[PDB]
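The structure appears right after this line, and notes come after that.
Chain A is the first sequence line, chain B the second, and so forth, proteins listed ahead of strands; every chain is numbered from 1.
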Amino acid sequence: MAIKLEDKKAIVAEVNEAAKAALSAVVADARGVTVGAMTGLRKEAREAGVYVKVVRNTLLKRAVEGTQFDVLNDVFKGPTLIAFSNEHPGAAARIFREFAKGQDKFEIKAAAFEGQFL
Amino acid sequence: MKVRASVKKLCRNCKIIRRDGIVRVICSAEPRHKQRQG
Amino acid sequence: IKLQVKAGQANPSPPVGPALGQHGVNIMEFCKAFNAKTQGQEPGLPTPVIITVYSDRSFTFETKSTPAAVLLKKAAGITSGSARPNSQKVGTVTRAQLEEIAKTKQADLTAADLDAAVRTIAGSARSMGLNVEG
Amino acid sequence: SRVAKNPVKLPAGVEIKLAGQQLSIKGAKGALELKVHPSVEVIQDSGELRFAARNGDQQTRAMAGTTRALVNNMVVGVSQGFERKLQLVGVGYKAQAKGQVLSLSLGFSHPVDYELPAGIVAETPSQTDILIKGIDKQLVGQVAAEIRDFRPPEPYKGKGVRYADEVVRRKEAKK
RNA sequence: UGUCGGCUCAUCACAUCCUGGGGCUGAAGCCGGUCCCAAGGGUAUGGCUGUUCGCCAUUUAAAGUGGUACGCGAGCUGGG
RNA sequence: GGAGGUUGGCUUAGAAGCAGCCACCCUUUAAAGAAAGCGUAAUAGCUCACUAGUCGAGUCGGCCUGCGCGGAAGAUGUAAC
Ligand SMILES: [Mg+2]
Ligand SMILES: [Mg+2]
Ligand SMILES: [Mg+2]
Ligand SMILES: [Mg+2]
Ligand SMILES: [Mg+2]
Ligand SMILES: [Mg+2]
Ligand SMILES: [Mg+2]
Ligand SMILES: [Mg+2]
Ligand SMILES: [Mg+2]
Ligand SMILES: [Mg+2]
Ligand SMILES: [Mg+2]
Ligand SMILES: [Mg+2]
Ligand SMILES: [Mg+2]
Ligand SMILES: [Mg+2]
Ligand SMILES: [Mg+2]
Ligand SMILES: [Mg+2]
Ligand SMILES: [Mg+2]
Ligand SMILES: [Mg+2]
Ligand SMILES: [Mg+2]
Ligand SMILES: [Mg+2]
Ligand SMILES: [Mg+2]
Ligand SMILES: [Mg+2]
Ligand SMILES: [Mg+2]
Ligand SMILES: [Mg+2]
Ligand SMILES: [Mg+2]
Ligand SMILES: [Mg+2]
Ligand SMILES: [Mg+2]
Ligand SMILES: [Mg+2]
Ligand SMILES: [Mg+2]
Ligand SMILES: [Mg+2]
Ligand SMILES: [Mg+2]
Ligand SMILES: [Zn+2]
């Protein structure tokens, strides 16, 4: 368990720091994916440009204070697979179409292209 | 059943219970870990 | 179904423990792919390639170019590792043969991004003596 | 007391009568669930049913969670009939349901006849499956445990009557 | 206040030899090992030796271990 | 979910995180020890340690001390107020 000192009060800020650099964000219920299948997906953020990660739900809701994806407060529940797209505005939800094409998972809760509640 | 003056856990599945004034060990993995008295 | 096939010859069952296993793949079936597994598929060495079944006893073969110790032995030429770590050394080279080895070895079998496979490739030989400084 | 503070939240069609500590619940497909609560118990009636302890005694705390569990069983029972599944493993093992008598073949010289007490009924969709089905858990579970005790499972072949959800330990003779 | 052994007649405990009920087993079955509960009833004949014991022969479901003035001579014997 | 270098090396036909001896890295991240248990002849296969969601208020262990429980079986009759 992360303590409030070593982490849990710094990694909350880092995603908020990286929040104010992106144009799109697709949140998916990434539960049940194999380590290789995620790795195959994880070998795409370095190619097309993405900030895909998973964080605590409560920290994520407290990480939007920078006014980047405030429209996701009502959807900040369940599993999280935040996929901030900074370079090449968008271009990740298209990969999500490729990512969810071969899987039954990736329900994809919402997309945050600019100010937009999906 | 093993009856000893010193009864205790032998694995992570063993439980200490008090059943009608007697200390017992019941295990759901090995039936060799059953114990009485102590 | 993780397994191994001898390059250029699949008939030997004791060499691979064929027949009995997770699936029922034919022993003589893999002999055809053994021709494809030669020269560039670790000739003379037991390259391990896993197996899979499509419907019943398929011939789904794999490919592993060069393992880290296989590459380390190829890059060093030594005969064996050290039985006692941090006690015996055999001799190593600079951290430059690893870059060309990892570039060939990783390909898609490693998730390393940049100089990340350098630690992974050196990891297998890290405890086998032959300390490296440059 | 997490179990005690939890309300029952009775379903739509259920009839509840509270003549003091004694309680009676009516429902579909079975009724007349009579119970008595120990004098240390308060059953307060509202949009649902709640349970609380009068005293601060340690035994009174224990019985608060027992009454909540018991009442929740009566409510579910008169709305969904509790059931247990048994299955027979072994060659020549058969179960036949004939009204209120159950006949089992379990490898004895004599077939055994089991008399079902009033209330529950037994059903055998196959020759190796038994469905005990009633409205109160204690009677359903006691009857299923009595059938199982005719020949419980054994470790070498797994033969004998067992619960459907039961995990049977298995072993083999050495060498 | 008569001291070993035998005969006759016993009575009690349970730390159970058989029969009864169980758990574990390195318990397939038939046999076993070990521990728990249980004292209702049972529990050899002989060769040698004064012997109790012991060793042998052949039985039996089994041939229990101890207390009772190492039970019992105003009940017998008299080999030591 | 609980991964790849990586059947770690030595030896062993082979002993592959789980035959014995040396120290016990690093990429991906949410996680992972050259791996704690049961395992295969050896593989393989169920776990666990660690982490994500879920339900929403307490919960975990140690120390000092009062009174109690087990350990606790005998011979005529309860018979160790
Ligand atoms: Mg009882
Ligand atoms: Mg007496
Ligand atoms: Mg006794
Ligand atoms: Mg006995
Ligand atoms: Mg026994
Ligand atoms: Mg004893
Ligand atoms: Mg007796
Ligand atoms: Mg007797
Ligand atoms: Mg008697
Ligand atoms: Mg008596
Ligand atoms: Mg009687
Ligand atoms: Mg005689
Ligand atoms: Mg004589
Ligand atoms: Mg006999
Ligand atoms: Mg006597
Ligand atoms: Mg005398
Ligand atoms: Mg005597
Ligand atoms: Mg005389
Ligand atoms: Mg005399
Ligand atoms: Mg005389
Ligand atoms: Mg006299
Ligand atoms: Mg006299
Ligand atoms: Mg006289
Ligand atoms: Mg004389
Ligand atoms: Mg005491
Ligand atoms: Mg007594
Ligand atoms: Mg006494
Ligand atoms: Mg007396
Ligand atoms: Mg007495
Ligand atoms: Mg008195
Ligand atoms: Mg008095
Ligand atoms: Zn145990």
Could you please name the partner base of F:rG62, counting Watson-Crick and G-U wobble pairs only when both distances are under 3.5 Å? none
So which of residues 6-13 of chain B are in contact with RNA chain E, with a heavy-atom cut-off of under 4.0 Å? none
For D:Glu48, look at atom CD and say whether over 12 heavy atoms of other residues, nucleotides or ligands are found less than 6.0 Å away. yes
Apply the syn/anti split at 90° from 0 to F:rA44 and say which one it is. anti
Counting only Watson-Crick or G-U wobble pairs whose two distances fall under 3.5 Å, which nucleotide matches F:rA15? none
Closest-nucleotide mapping onto RNA chain E: is D:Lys171 or B:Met1 further toward the 5' terminus? I mean the 5' end. B:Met1
Give the rounded distance in Å between these two atoms: CZ of B:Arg19 and P of F:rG70. 19 Å
The glycosidic conformation of F:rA32, counting syn as within 90° of 0 and anti otherwise, is syn
Heavy-atom pair with the smallest gap, counting every atom of D:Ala164 and D:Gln87: CA-OE1, 4.0 Å
Tell me, with the steps shown, if D:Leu86 and D:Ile147 meet side chain to side chain contact (heavy atoms under 4.5 Å, CB included). CA-CA 9 Å; D:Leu86 306 153; D:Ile147 288 153; 3.9 Å; yes
Determine which nucleotide pairs with E:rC55, using a 3.5 Å limit on both distances of a Watson-Crick or G-U wobble pair. E:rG47
Counting any heavy atom closer than 4.0 Å, what does B:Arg24 reach on the DNA or RNA strands: base, sugar-phosphate only, or nothing? nothing
Tell me if F:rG66 and F:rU40 are paired here, counting Watson-Crick or G-U wobble when both donor-acceptor distances sit under 3.5 Å. no
Syn if the chi torsion is within 90° of 0, anti otherwise; quick check, which is F:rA34? syn
Validation: residues 153-161 of chain D side-chain donor-acceptor distances under 3.5 Å, sequence neighbours left out:
unit_1, atom_1, unit_2, atom_2, d
D:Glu154, OE1, D:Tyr156, N, 2.9
D:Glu154, OE2, D:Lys157, N, 2.8
D:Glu154, OE2, D:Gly158, N, 3.4

Assuming nearest nucleotide by heavy-atom distance, tell me which of D:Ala173 and D:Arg169 is located more 5' along RNA chain E. D:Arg169
For RNA chain E, the residues among residues 25-38 of chain B that have a non-hydrogen atom under 4.0 Å from it: B:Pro31, B:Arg32, B:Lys34, B:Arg36
Which heavy atom in A:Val12 sits nearest to a heavy atom in A:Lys8, and how many Å separate them? CG1-O, 4.3 Å
F:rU59 phosphate, OP1 or OP2: any side-chain N/O from D:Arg2 under 4.0 angstrom? yes
Tell me: CD of D:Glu172 to P of E:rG29, nearest whole Å? 14 Å
Heavy-atom count around D:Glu146 CD within 6.0 Å, excluding the residue itself: above 12? yes
E:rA62 pairs with which nucleotide, Watson-Crick or G-U wobble, both distances below 3.5 Å? none
For residues D:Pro11 and D:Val75, report the shortest heavy-atom separation together with the two atoms involved. CD-CG1, 3.4 Å
If you count the non-hydrogen atoms of other residues, nucleotides and ligands that lie under 6.0 Å from NZ in B:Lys15, is the total more than 12? no
By nearest atom, which of the nucleotides E:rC36, F:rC69, F:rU27 is closest to the B:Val3 side chain? E:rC36
Rounding to an integer number of angstrom, what distance separates F:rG61 and F:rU47 when you compare their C1' atoms? 27 Å
Strictly below 4.0 Å: does C:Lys64 bring a side-chain N or O up to OP1 or OP2 of F:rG5? yes
State the syn/anti category of E:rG73 according to its glycosidic angle, syn meaning within 90° of 0. syn
When you measure from the side chain of C:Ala68, which nucleotide among F:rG70, E:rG26, F:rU6 comes out closest? F:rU6
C1'-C2'-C3'-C4' sign verdict for the sugar of F:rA36, north or south: north
Judged by atom type as modelled, is there a donor-acceptor pair below 3.5 Å linking the side chain of D:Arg169 to the main-chain atoms of B:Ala29? yes
Kindly indicate whether E:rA39 forms a Watson-Crick or G-U wobble pair with E:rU19, where both distances must fall under 3.5 Å. no
